[PDB]
Ligand SMILES: Nc1ncnc2c1ncn2[C@@H]1O[C@H](COP(=O)(O)OP(=O)(O)O)[C@@H](O)[C@H]1O
Ligand SMILES: Nc1ncnc2c1ncn2[C@@H]1O[C@H](COP(=O)(O)OP(=O)(O)O)[C@@H](O)[C@H]1O
Ligand SMILES: [Mg+2]
Ligand SMILES: [Mg+2]
């Protein structure tokens, strides 16, 4: 049925900028777990074509989970 | 080869090819826009030694080549040489097939339209791209600034624009195009280094003069007292090691190079300078736009990496514009790349995907379709 | 949305939309009656940038628009544009549904009747109001004065009336309508500022001239000695900062703008002036009314906020009317809003609720019903 | 790590959990693989009112000891965090302090060592601890559109907790670097993009921590 969505904070919550200085910085940090979380923080590994966003991640995640789901019965 | 439909942002303004993918921060393939040709005979049997050297490979062999920029003042002169530059661009440096990717070219406003039209003809007939667009350099320089309102100064290797844009709308009557840019500053710098005593006449030596211009020049905030300072003492004399041997030491030539950009009477080109083409482009706009052009003056292309050019720019426009105005010369240090970055943004928008000049629409109305779809 | 049956008082006389609820002091939505349209192409992809800018939002973007008043001299010219003004009025600024509220329009007397009739047709067919009324501007200007007897001068942006009313009865034969009003004074002020040296030709520049008229004009109680005073010294020269830069300094143009209202030979329009249309509207009335029109002369619409206009008005009518009369020019400083305020009073009376032109009575006799119920 | 009290639930699942039950082709049991999907990470940096963050923050603050919260440099009042409110700090029917020892016990049963799980608590303490960093515009001197941190005492405890030098991360909130084939240069972020950079670092750090948790349980 009809669902009402308040527009407050959509653009605020799509923002998912995780640019290269944060990943290289936390890869530089001495904690081995934080190195284990960000494998792309190595500057020897070229970062890539690498933009945000959040809704692209949730869209590709629903599409990917939908794919792995519908390959089974 | 590629499992994506990512749009290609290829950007030769006039003097430096930068290219890459849509939705990316840094341009992937950056190399100079030169084609090489051996000006004398070969001797060693079994070498390879093809009669073409394009991009930075030509700068590896620039001692034995006649370097030749195929595009001059934003106008493409030799279409075969520019086809070599594009072939090396997509097939060697960027290393991707143009058949599967839309392309986003760039050019100057007030262009001869055979450049735009024949550029679209080469992009569809030779490389067979599915989609194509002819982006304005300065508008993309405003896309990377994160704004929708501002007047744009970029000043590439062969052209400068000062395109004013207010709230998503450009002002096409207030547009400007001055042909004084970094290559003319390179030739003037070569002339005044000949005046000091270092004779540079070869195109490879001209490339060395371009290197000295990039490394060792600043803008001279007040040119008169800086000129008297350079005439006073040797605190401005700086040594630069040339490739293979003899060092140089430049004095007043360190700052008389970009003063030519602010004063074209040194190179004898009849103009008003950068700071008065900005003010004339603002005064050609209407009355209720100008403080939004004063607070958002963008200076984000090439040939602006001279230190303190925002101080000379703001310090001069403040003398030209009336008082109680906030002259904000926006100089984001990511410039020389911001036209590519605006290419990456504009190629990655959702609204842009019905503005592509595409094949089967190119073939419908021929090569003139760019003058009715693009601008 | 709204839990009330409060009547809407919407008031566009000719040049400034003011609207609000019945039984209220201040009008809730006050914005200029302009529609905008971009006179050139857009460039930035992904902006919004609809091809309509109405109200004060158009004045936010007036540098890039062709401003166009949809109603001229109280006569609506473009019905689609006025429908945009009403749509923005009820749905955006006032932010209420017209389906649940009666509406109280305003117009000029001696109107072309297709304005009244098609205005009622748009109010019932498009917005579907339950009730509707076509109020006279000047009579409502006498409702806010708290009187039942007086002659009414309002002088809006496109019309002036001088409607005499005695003891609840108006005098329809002694009514007047002069087409000299504040917009013609704005054009004449633009002409004489072109005479001084400041060239204004754009509609946005015309809006700036309207701003200078609102801020920096007075009435010149004696125009001859004030003219010799302005020719004498620079005690009348006043500087006004234009938007974005250059200041102006006006002299005799500070008071020659409303003297055109008191003397239409400056604008070449064949008339008698405001002060003689009042005296002619009094002399068209009968003999035993006139001292009640002298003691209750109301001057409470727009374009009367010039300082001292009551002194010029009383000082001139005293010269016209015979002696031993008490010329009381009633100028309550709540004017420019008093036609809306009289709308609020008249819409909040108890007797008025059987004078509404309503639906199922509109549909009974068609759109001509306004010429038999309203006046 | 994946539940929150909502407006209409006392306890609600805000992700999808998938389970591989893998058999031999002839029909004998082999194993299984947990896979997480759709972690609502936007709850980490801001909650709608009348709701709750993920339970591990409340259980971590309410259930830990003095030496552990001194090692993590965590105040245990819920008023001293920008990612937590005092209103939903407590409901009835759910006791966070005993459930914390239930989660650490259960984490030991599923098989993690003491400094491993303690390091997980270091990263969770970093995600919660990132919330008290605020920005301000740089205007002394003004050039050009530069973001500034407000205080260093929170940041130096985060950097000491993560064993990183402070000036690298203080650079990393305000500047973004554009590279090339031959060069890289740092341009400024403004005030707002500094806020979304901090929040994106928080929720991405928490989400990738949760995926690493599922990965390490999969062994
Ligand atoms: N750091 C620098 N200092 C001075 N000049 C520079 C610097 N970097 C590049 N340039 C000049 O800018 C020109 C290239 O500008 P760019 O806009 O990249 O050209 P294109 O029009 O090909 O995009 C070259 O002529 C070069 O001399
Ligand atoms: N303070 C002021 N001084 C002089 N003129 C004014 C002032 N305020 C408004 N005006 C003029 O009055 C006109 C609006 O009058 P008004 O009666 O409100 O119009 P409407 O007919 O829309 O009700 C405008 O054209 C404006 O130029
Ligand atoms: Mg360029
Ligand atoms: Mg009026």
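All positions are counted from 1 along the displayed chain.
Header says: electron microscopy, 3.9 Å.
Every residue gets a Cβ built from N, Cα and C, even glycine.
Record features, source Swiss-Prot:
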type    : residues  : note
MOD_RES : B:1       : N-acetylaspartate
MOD_RES : B:44      : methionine (R)-sulfoxide
MOD_RES : B:47      : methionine (R)-sulfoxide
MOD_RES : B:61      : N6-malonyllysine
MOD_RES : B:73      : tele-methylhistidine
MOD_RES : B:84      : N6-methyllysine
MOD_RES : B:177     : ADP-ribosylarginine
REGION  : B:110-123 : region 'Interaction with alpha-actinin'
REGION  : B:358-370 : region 'Interaction with alpha-actinin'
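Features as recorded by Swiss-Prot, highlighted on the structure.
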residue : record                   : Cβ contacts under 8 Å, 6 or more apart
B:1     : N-acetylaspartate        : B:96, B:97, B:100
B:44    : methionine (R)-sulfoxide : none
B:47    : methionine (R)-sulfoxide : none
B:61    : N6-malonyllysine         : B:36, B:53
B:73    : tele-methylhistidine     : B:14, B:158, B:159, B:179, B:181
B:84    : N6-methyllysine          : B:35, B:52, B:54, B:70
B:177   : ADP-ribosylarginine      : B:108, B:109, B:110, B:159, B:160, B:161
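Sequence-remote contacts of a segment are chain residues at least 6 beyond its ends whose Cβ falls under 8 Å from one of its Cβ atoms, and for the region 'Interaction with alpha-actinin' (B:358-370) they are 116-118, 120-121, 124, 128-132, 134.
Within its own chain, the region 'Interaction with alpha-actinin' (B:110-123) has Cβ neighbours under 8 Å at 74-76, 79, 82-83, 86, 103, 129, 132, 134, 175, 177, 357, 362, 367-371, 374, counting only residues six or more beyond its boundaries.
Helix, strand and coil counts from DSSP across the region 'Interaction with alpha-actinin' (B:110-123) read 11 helix, 0 strand, 3 coil.
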